[PDB]
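**Student:** Dumping the structure here so I can ask a few things about it.
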Amino acid sequence: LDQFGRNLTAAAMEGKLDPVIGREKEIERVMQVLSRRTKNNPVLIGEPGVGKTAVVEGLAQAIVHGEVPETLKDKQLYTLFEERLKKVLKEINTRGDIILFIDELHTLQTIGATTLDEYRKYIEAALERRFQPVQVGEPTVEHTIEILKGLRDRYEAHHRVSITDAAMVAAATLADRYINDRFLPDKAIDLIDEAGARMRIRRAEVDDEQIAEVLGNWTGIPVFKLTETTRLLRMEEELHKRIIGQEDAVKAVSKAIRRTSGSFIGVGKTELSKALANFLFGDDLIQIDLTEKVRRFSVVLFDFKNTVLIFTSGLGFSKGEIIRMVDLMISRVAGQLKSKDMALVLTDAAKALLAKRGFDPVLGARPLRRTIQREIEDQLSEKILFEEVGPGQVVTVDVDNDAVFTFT
Amino acid sequence: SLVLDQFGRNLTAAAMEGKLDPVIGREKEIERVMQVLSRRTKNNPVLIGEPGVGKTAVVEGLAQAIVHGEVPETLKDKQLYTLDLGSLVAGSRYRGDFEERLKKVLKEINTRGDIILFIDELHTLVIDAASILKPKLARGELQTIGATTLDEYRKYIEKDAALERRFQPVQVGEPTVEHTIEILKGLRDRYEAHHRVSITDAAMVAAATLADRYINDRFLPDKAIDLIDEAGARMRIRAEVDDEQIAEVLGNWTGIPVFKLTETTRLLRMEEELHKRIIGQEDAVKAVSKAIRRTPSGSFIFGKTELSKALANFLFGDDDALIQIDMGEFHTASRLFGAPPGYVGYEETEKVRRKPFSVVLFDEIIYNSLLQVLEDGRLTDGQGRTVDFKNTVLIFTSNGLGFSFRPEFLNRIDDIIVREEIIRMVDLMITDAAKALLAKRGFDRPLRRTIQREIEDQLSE
Ligand SMILES: Nc1ncnc2c1ncn2[C@@H]1O[C@H](COP(=O)(O)OP(=O)(O)O)[C@@H](O)[C@H]1O
Ligand SMILES: Nc1ncnc2c1ncn2[C@@H]1O[C@H](COP(=O)(O)OP(=O)(O)O)[C@@H](O)[C@H]1O
Ligand SMILES: Nc1ncnc2c1ncn2[C@@H]1O[C@H](COP(=O)(O)OP(=O)(O)O)[C@@H](O)[C@H]1O
Ligand SMILES: Nc1ncnc2c1ncn2[C@@H]1O[C@H](COP(=O)(O)OP(=O)(O)O)[C@@H](O)[C@H]1O
């Protein structure tokens, strides 16, 4: 009747349907399954946005162009209370030259399209006998580039702008890298369409920089990172900005990861991994002591293409920078005092005593924080409560004489 | 029949119209179902069998028998109606949505009187459908035919004694390869007509045998017919169907070269194929090739790991067929059978069961189980399920002071296996002086690490 659903083949002949390219194998598989005595109905399985309806559109284009076998050339695809459904089904049966495409079959000769999860939940026992799953893989960066080239003319016509091939390459690569949550065929198109809309709003051409700034606006990442081995030659400075000492290890790690993802095996290790994760990705990383976390570009620390893996770990008669760490640790106390209108100053002898008492060569700087808390935070808080130190005063910490601190 | 026509298909009417396919070699099951249905009370057969074996086919055969009139006097004119509980429950969201439709169907059946229900997936029956149907099934006023697999029947229907006693089990075994070939020959005409192609009996035999050999998760009558249908469709998208096309289809399904599917001649190239993947140790590979060629399938005592990997790749499966077991850490019940019931490790032999065709390599090598495996080729884990080794191949690996295995174990094993070579190795893993330096550095396992540390490292930068 066509009042319950659109005719895809009529639209394809009219040319309304967008072209689909690079999916010849999926269309061939669908045709094969449709040409089977049993399990005749193929159901397309794939992640959202992959192009599950794109393959059906390509099938419609093929039939209208006549590339399909004889048994399908004369058909006419249709895309879709009980009385009306029964009447339309009777019409389909009596006509018999129609293949029904039911988008999102999980809501329910025919074709269906649903995600793997919904396919398992809703379809996967009586239907299984009549439905044959067909996998629709995610396009790669080059396939996405080809699709973008195909859609360039339509999007330019719609937005009255011009898009360069470099823009397509940048869109595909950046969307794949940063927009990982989404899936490439749809997210690259999204980026291109949004750049075109931006250009239309401004007033024409589109360049890689426009795509980069659109993505930066979306995700908040600075445009510099998106547009910019540039990210690798700056590792040394951006790592020494946070790690104290262990410069040789920093250099070795930077070189080893520059060559290459990479793999590696009580001082600095966790801090170094955190700095690496922040520099290479942006956030301060996974610590264990997992598949869902990594699957959903991260550094994994112990004690997947882009993931970085990091691991950490006589009888008788024989013979014959820490001050910088202390400053960093007391930085928090100094800042909190500043918020209280106070300026903390520590003498060289005071820092030396603090490092001596709170630094364990066996355990590294682990007991340093508690030592600072014991010797300074407690005494300072007591003195603040006694009112002997008031706002606007400079709190100077000295050591006398085993020894003992003193506050002025 | 309007109330029933919206939930199922009248199989008897389909047979009257000739739409149902022929059923070949199922006279025994059909007769047994007739016997069960002829009873006075609890005349509710339940077809037990793994999916795809032909339970629904048995029911269609019964419908055809009813149509032809050969059934006993009690079953004459009886109408077979399928019924899926999914349709009844689907769309139900309120207190009595499903009871209403189930009672409606039961009332229609009572009014008609001559209706026999075939309820596929009877294990889903278990105030619900089971409670509603129980008072009627016991008195034999509602003849029903179920269809479930053995495990589902045991763990759903059997454990409910009240419902269990109302259903008579009827075993439907998987057709044998000869039975599958006969079934295919029975179906040949319909598929030929549908696909407009011709199928040779050689193609049918090849389909049945290859599907039995390679597809370890489907069942003969279904997978063989699936292979035939897929081959017909592939021909259609482009006539006659031959063994080569079936082999191509199967290879496309499961990753396998087409020429391999299409064995003495193929097994004669053992040394030639093995030397491609491994070099050196010519005597050992020749001995292994001879022992396998003449002939659990095989057992050996033993590079070692490389040779086992190459052998597995050449034999059933790719290098993934290898199953490495570190025997050092067992110097223990976990490896043998896991643990007995009621002890830690019962929930988790483990790898052999899922991969019957595999090469089991033991590293650094309790002995009673190994002896049982070697002598009888079977073992029993802690959960009772038996795991077979009749086709697997077992490999066991093993490791100047002063002035200058139990015998039966050693007998059961089929056989024992024990400068330019390094030059070949270095270029296999990738100047003459550089090659010699690499050989001296990595050889006297470390060779790959040395190559990576020096050559790949310096070339990358
Ligand atoms: N191979 C392709 N050719 C042309 N366009 C494609 C192709 N693949 C995906 N697209 C794009 O994918 C977008 C969504 O289509 P689709 O993935 O089929 O919807 P859904 O997966 O949610 O059912 C469309 O905007 C379409 O342009
Ligand atoms: N190898 C390590 N490197 C850095 N921090 C570690 C390491 N091992 C443990 N830590 C833990 O984290 C804290 C030490 O961090 P810290 O010494 O202040 O970093 P840094 O030495 O780089 O300034 C302690 O709680 C310690 O237990
Ligand atoms: N004995 C047989 N004779 C003729 N055809 C058969 C026979 N057995 C199976 N077939 C075919 O093989 C398939 C078997 O599937 P089936 O066993 O009926 O499903 P179920 O899992 O419900 O028992 C069907 O397509 C059937 O047509
Ligand atoms: N360092 C290695 N890493 C991975 N595979 C190796 C390595 N060395 C040898 N192989 C494989 O082992 C074969 C040589 O046998 P070998 O390793 O020397 O066993 P064995 O030392 O017991 O005689 C080679 O054909 C090669 O394929």
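By convention in this document, the chains of the structure tokens carry letters A, B, ... by their order, each chain's residues are numbered from 1, and ligands are numbered from 1 in the order they are shown.
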Any chance you could tabulate, as a tab-separated table, the residues of chain A at most 9 Å from ligand 1 with each one's nearest atom pair and distance in Å to one decimal, using only C-alpha atoms and all ligand atoms, in chain and rising number order?

**Tutor:**
residue	atom	partner	partner_atom_place_in_ligand_line	distance
A:18	CA	ligand 1	4 (C)	6.5
A:19	CA	ligand 1	4 (C)	5.5
A:20	CA	ligand 1	3 (N)	3.4
A:21	CA	ligand 1	3 (N)	5.0
A:22	CA	ligand 1	1 (N)	5.8
A:23	CA	ligand 1	1 (N)	5.7
A:46	CA	ligand 1	21 (O)	7.3
A:47	CA	ligand 1	21 (O)	6.7
A:48	CA	ligand 1	21 (O)	4.4
A:49	CA	ligand 1	17 (O)	3.4
A:50	CA	ligand 1	17 (O)	4.2
A:51	CA	ligand 1	17 (O)	2.9
A:52	CA	ligand 1	18 (O)	3.9
A:53	CA	ligand 1	18 (O)	3.3
A:54	CA	ligand 1	18 (O)	4.4
A:55	CA	ligand 1	1 (N)	7.0
A:56	CA	ligand 1	18 (O)	8.2
A:57	CA	ligand 1	18 (O)	8.5
A:58	CA	ligand 1	3 (N)	8.2
A:103	CA	ligand 1	23 (O)	7.0
A:104	CA	ligand 1	23 (O)	7.2
A:113	CA	ligand 1	23 (O)	6.7
A:114	CA	ligand 1	23 (O)	7.3
A:115	CA	ligand 1	21 (O)	8.1
A:138	CA	ligand 1	8 (N)	8.8
A:139	CA	ligand 1	8 (N)	7.7
A:143	CA	ligand 1	1 (N)	7.9
A:144	CA	ligand 1	1 (N)	7.9
A:146	CA	ligand 1	3 (N)	8.5
A:147	CA	ligand 1	3 (N)	5.3
A:148	CA	ligand 1	4 (C)	7.8
A:150	CA	ligand 1	4 (C)	7.2
A:151	CA	ligand 1	4 (C)	7.0
A:184	CA	ligand 1	9 (C)	8.5
A:185	CA	ligand 1	9 (C)	4.8
A:186	CA	ligand 1	12 (O)	4.8
A:187	CA	ligand 1	12 (O)	8.6
A:189	CA	ligand 1	25 (O)	6.8
A:190	CA	ligand 1	25 (O)	8.1

**Student:** Within 9 Å of ligand 3, counting only C-alpha atoms and all ligand atoms, which protein or nucleic acid residues do you find, written as a ChimeraX atom specification?

**Tutor:** /A:38,129 /B:20-26,47-61,120-121,147-149,172,174-175,179-180,182-184,186-187,219-226

**Student:** Check every residue of chain A for an atom within 12 Å of chain B, counting only C-alpha atoms, and provide those that qualify as JSON, numbers by chain.

**Tutor:** {"A": [27, 28, 29, 30, 31, 32, 33, 34, 35, 36, 37, 38, 39, 40, 67, 68, 69, 70, 71, 72, 73, 82, 86, 107, 108, 122, 123, 125, 126, 127, 128, 129, 132, 255, 256, 257, 258, 259, 260]}

**Student:** Could you pull out the helix (DSSP H, G or I) residues of region 286-371 of chain A, going by DSSP on the backbone, and write them as a PyMOL selection string?

**Tutor:** chain A and resi 291-295+322-339+348-358+368-371

**Student:** With only C-alpha atoms and all ligand atoms counted, collect every polymer residue having an atom within 12 Å of ligand 2; state the result as a ChimeraX atom specification.

**Tutor:** /A:239-247,250,265-275,287,289,301-303,311-313,321-330,355,358-372
